[PDB]
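Below you'll find the structure, written out as structure tokens, and then a few comments.
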Amino acid sequence: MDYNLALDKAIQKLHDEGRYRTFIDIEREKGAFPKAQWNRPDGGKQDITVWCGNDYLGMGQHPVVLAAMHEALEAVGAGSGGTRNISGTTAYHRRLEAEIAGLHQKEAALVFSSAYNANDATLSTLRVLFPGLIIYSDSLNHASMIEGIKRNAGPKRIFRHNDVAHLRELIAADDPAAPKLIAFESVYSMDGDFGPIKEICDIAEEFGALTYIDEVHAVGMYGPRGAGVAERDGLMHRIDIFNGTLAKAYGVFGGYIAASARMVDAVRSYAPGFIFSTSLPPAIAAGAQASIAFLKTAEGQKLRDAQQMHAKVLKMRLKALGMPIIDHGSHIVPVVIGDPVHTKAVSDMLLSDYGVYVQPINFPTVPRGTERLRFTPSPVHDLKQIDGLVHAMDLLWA
Amino acid sequence: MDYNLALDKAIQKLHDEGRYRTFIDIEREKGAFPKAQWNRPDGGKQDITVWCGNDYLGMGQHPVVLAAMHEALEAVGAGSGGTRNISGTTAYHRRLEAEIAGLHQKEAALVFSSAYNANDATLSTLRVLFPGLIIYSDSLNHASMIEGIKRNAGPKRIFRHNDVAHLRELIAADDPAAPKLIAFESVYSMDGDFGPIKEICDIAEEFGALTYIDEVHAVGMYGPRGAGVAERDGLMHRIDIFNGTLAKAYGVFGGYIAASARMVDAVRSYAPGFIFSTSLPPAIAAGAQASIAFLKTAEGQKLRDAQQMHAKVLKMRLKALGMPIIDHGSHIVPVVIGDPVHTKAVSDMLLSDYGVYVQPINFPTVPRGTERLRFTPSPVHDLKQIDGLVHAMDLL
Ligand SMILES: Cc1ncc(COP(=O)(O)O)c(CNCC(=O)O)c1O
Ligand SMILES: Cc1ncc(COP(=O)(O)O)c(CNCC(=O)O)c1O
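Sequence order for the protein chains is A and B.
Per PDB author numbering, the very first residue in the first sequence carries number 1; after that it's consecutive.
Per PDB author numbering, the very first residue in the second sequence carries number 1; after that it's consecutive.
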């Protein structure tokens, strides 16, 4: 065997599929989002506008977030210095968990290094807590969820994206005594569409299944307090477990689940992914807590209203140019190119000629043949760079 | 069908084995480590001394670490705002990766949210890159590694802890054409013992296997530049992949792997655990980079020398009291109680009566019947506090 040969092959394979990814090295200018310095491969520096980021509401530069982080650094230092069990549980962490519990109106919450870890650990550990559990998973569920669901051996059923009738057909065919869980997303990251929360809850209630919703692309942005789509539709009480991130609209890092005291205490107690890893830096927890707290206020609601507005304006302007934009009514604005190489070519031109950064999105992030640009207008994308983006797209489709 | 009934069952089972864990709520006093405020369950506040933390060298309060973190917050904000692919690759990450590569003298490095993620993602993704891979794993490998090894279906072979002859017997039995990888640790977290790097590398070279070493409890602390035990024994060139953390001796958060550019580029390109998660906050990256850079200098060497010294003094003083301490020559100082309930009882008393915090360690962190206290003397545990601790133990 030559390990080096096999590596080469593995990499070659990416180039052959047109899906080898080049990262763009940037430094966002705090206080001037969405401006960033792009560190070009030739050693030069160029001002660009970030159009694809997930700091959806500009919270990453918010003074109340940054103040709380500076404070915590000075009070307790750089990290926790331990796992939750061995000296890594601090007030910042439980203050954060209580903030999150409140958000989702749940008894408890549990913080992980990332929402990825939260899904992976929780979904796999649930198989252990509920012997013979059957997990029903939306075909476009995020990788973190897929990974959690398959991690431990056990029955899984994949239902066609947003297809509640297929869901019913699958669930009704299975052993009615077996514990069941349905896992889906409120907002799907790449299509920008909504999961049918009500219909799924109705099915879960009819068949005695647990509901597990990933609201990673909704928290901070939907509902009167930024608790997500289930809050918007008045459905939070119908959801057994929430999964969210602190890294996107909340502007910081980390993730969580929110659920009853029982569910949390059990996950907390049996999930290797939670037990065996250093807890989040207290500064990270301080920032995220401040972010959530802020987004619950009417001042946070202004940021949401502004976001929605800018998304509507961007979609209008792009349709007005005759462009391949799919509109499912969310803040995500995908423009489908359908080819991994041509997507990178359009992205490359936007970056270098117009200072427009929108990463080309390919497999495995989206299905092959659906490679796309994915715009994320935020409160800080004013009615003038929208103007700057559109003009560049127009100049470019010549 | 009845979900809560299952939950109460799973929880009870923890109380029944005595292994139900109560967390201790603390706030470390920056600039005064190892002092911390303990937030007692009754609402009171009490000054305590942290004796079980993993901020092994006090880097979590180091001014160069904190300065780099404050700077980054002001320059770029709270988080990256994206995955490495979608806007979260920054200069801070790239400089941090170069710093690590340099530490292990490797072509490349890759940063993950944690060393846990790095092990899990890497070990499981290697099965995909090397079809039919057989992984040989030390029986006391960390959970993160076990989890990475089992995640994807595929052949695994568990060798008796530190038993190189069992390793040989296993590997010689297997198909000689199959790709092989041996996964072990340089310093084992709970026993505080060293893995036999040279003997494992010899076996790996004889049978054409990859070597994967987890140096999580060694980086920053061993070798003339803090690169770990392999650096200390002059063996880094013989290790295919390094796994390390930025959250322990380095004082911050996150983890990584270090290997050749092709090895890194393939892991990066294939591992869902790397692709689908937000990149580390630039401030975290800045701090860790400053921490690694600092620990490579002669000034860092002073912190290591001091740590080793304090560990030796603690071990001496504990044996001089007749105590169940196992000494494998590392900075970790475990005192074996052997029972989960009595271990918590001793720990409780040390906290409440003496202001000594040392979490009681039980299953699944260590095998049942080997429950213990695990002391971690650092540069900041001056001869005064060591003297304080031993006196406290004695009277108990
Ligand atoms: C050997 C080993 N490897 C990896 C990890 C994962 O490190 P992260 O904190 O970067 O996720 C740990 C943490 N084990 C916890 C402890 O030391 O008690 C460990 O002990
Ligand atoms: C639906 C979904 N769920 C979970 C995560 C994981 O979140 P963390 O970064 O906090 O681990 C992501 C990130 N995927 C980023 C994206 O698709 O834009 C996601 O898109």
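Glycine included, C-beta positions come from ideal geometry on N, C-alpha and C.
Considering just the uninterrupted stretch of the alpha helix (DSSP H) at residue i, what are its terminal residues?
| i | result |
| --- | --- |
| residue 399 (chain B) | Because chain B here runs from 1 to 396, residue 399 (chain B) falls outside it and cannot be looked at. |
| residue 445 (chain A) | Coverage of chain A is limited to positions 1 through 398, which leaves residue 445 (chain A) absent and any answer about it impossible. |
| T343 (chain B) | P340 to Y354 |
| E27 (chain B) | Taken as a continuous stretch (DSSP letters only), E27 (chain B) belongs to no alpha helix (DSSP H), being part of the beta strand (DSSP E) at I26 to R28. |
| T211 (chain B) | Careful: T211 (chain B) lies outside any alpha helix (DSSP H), inside the beta strand (DSSP E) at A209 to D214. |
| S144 (chain B) | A143 to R151 |
| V335 (chain A) | Where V335 (chain A) is concerned, there is no enclosing alpha helix (DSSP H), although the beta strand (DSSP E) it sits in stretches over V333 to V336. |
| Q307 (chain A) | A298 to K319 |
| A98 (chain B) | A91 to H104 |
| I275 (chain A) | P272 to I275 |
| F184 (chain B) | Note, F184 (chain B): premise wrong, no alpha helix (DSSP H); beta strand (DSSP E) at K180 to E185. |
| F294 (chain B) | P282 to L295 |
| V164 (chain B) | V164 to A173 |
Using a C-beta to C-beta distance shorter than 9 angstroms, which residues of chain B count as neighbours of residue i?
| i | result |
| --- | --- |
| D25 (chain A) | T89, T90, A91, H93 and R94 |
| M1 (chain A) | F130, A177, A178, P179, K180 and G208 |
| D55 (chain A) | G77, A78, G79, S80, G81, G82 and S87 |
| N39 (chain A) | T90, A91 and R94 |
Under 8 angstroms between C-beta atoms, does residue i make it to chain A?
| i | result |
| --- | --- |
| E299 (chain B) | no |
| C52 (chain B) | yes |
| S144 (chain B) | yes |
| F253 (chain B) | yes |
| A392 (chain B) | no |
| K30 (chain B) | yes |
Which bits of chain B does residue i rub up against, with CB to CB less than 8 angstroms?
| i | result |
| --- | --- |
| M221 (chain A) | The premise fails here: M221 (chain A) is roughly 14 angstroms from chain B at the closest Cβ pair, so nothing lies under 8 angstroms. |
| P281 (chain A) | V252, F253 and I284 |
Could you name the residues of the same chain whose beta carbon sits closer than 6 angstroms to that of residue i, not counting the 5 residues immediately before and after it, in chain order?
| i | result |
| --- | --- |
| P155 (chain A) | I134 |
| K45 (chain B) | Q37 |
| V229 (chain A) | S186, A218 and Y222 |
What does residue i touch in chain B if you count any residue whose Cβ is under 7 angstroms from its own?
| i | result |
| --- | --- |
| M69 (chain A) | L73 and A78 |
| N85 (chain A) | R21, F23 and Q359 |
| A258 (chain A) | None at all; the shortest Cβ gap to chain B is about 16 angstroms. |
List the residues of chain A whose Cβ lies closer than 7 angstroms to the Cβ of residue i, in chain order.
| i | result |
| --- | --- |
| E147 (chain B) | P272 |
| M263 (chain B) | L7 |
| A165 (chain B) | Within 7 angstroms Cβ-Cβ: nothing; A165 (chain B) doesn't reach chain A, min ~24 angstroms. |
| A247 (chain B) | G79 and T278 |
| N4 (chain B) | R262 |
Identify the contact partners of residue i in chain A, using a Cβ-Cβ distance below 9 angstroms as the criterion.
| i | result |
| --- | --- |
| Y116 (chain B) | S113, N117, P272, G273, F276, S277 and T278 |
What residue range does the beta strand (DSSP E) around residue i cover?
| i | result |
| --- | --- |
| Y256 (chain A) | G255 to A259 |
| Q359 (chain B) | Element bounds for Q359 (chain B): n/a, residue is neither H nor E. |
| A109 (chain A) | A108 to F112 |
| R372 (chain B) | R372 to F375 |
| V390 (chain A) | Run containing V390 (chain A): none in the beta strand (DSSP E); it sits in the alpha helix (DSSP H), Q385 to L396. |
| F194 (chain A) | Counting along the chain, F194 (chain A) falls outside any beta strand (DSSP E), and DSSP gives it neither H nor E. |
| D138 (chain A) | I134 to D138 |
Which same chain residues end up closer than 7 angstroms to residue i when comparing Cβ atoms and leaving out the 5 residues on each side of it in sequence?
| i | result |
| --- | --- |
| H342 (chain B) | none |
| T370 (chain B) | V336 and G338 |
| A72 (chain A) | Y92, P282, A283 and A286 |
| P196 (chain B) | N162 and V164 |
Report all residues from its chain with a CB closer than 8 angstroms to the CB of residue i; omit the five preceding and five following residues, and keep chain order.
| i | result |
| --- | --- |
| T376 (chain A) | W51, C52, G53, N54, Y56, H331, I332 and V333 |
| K319 (chain A) | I325 and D327 |
| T90 (chain A) | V76, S80, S279, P282 and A285 |
| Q308 (chain B) | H331 |
Let me see if you follow: with CB-CB separation under 8 angstroms, is residue i close to chain B or not?
| i | result |
| --- | --- |
| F184 (chain A) | no |
| residue 399 (chain A) | No answer is possible for residue 399 (chain A): it lies beyond the span of chain A, which begins at 1 and ends at 398. |
| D47 (chain A) | no |
| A173 (chain A) | no |
| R317 (chain A) | no |
| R151 (chain A) | yes |
| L66 (chain A) | yes |
Which chain A residues are close to residue i, counting only those with a beta carbon under 8 angstroms from its beta carbon?
| i | result |
| --- | --- |
| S269 (chain B) | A10, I11, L14, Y20 and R21 |
| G60 (chain B) | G77, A78, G79 and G81 |
| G287 (chain B) | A78 |
| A266 (chain B) | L7, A10 and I11 |
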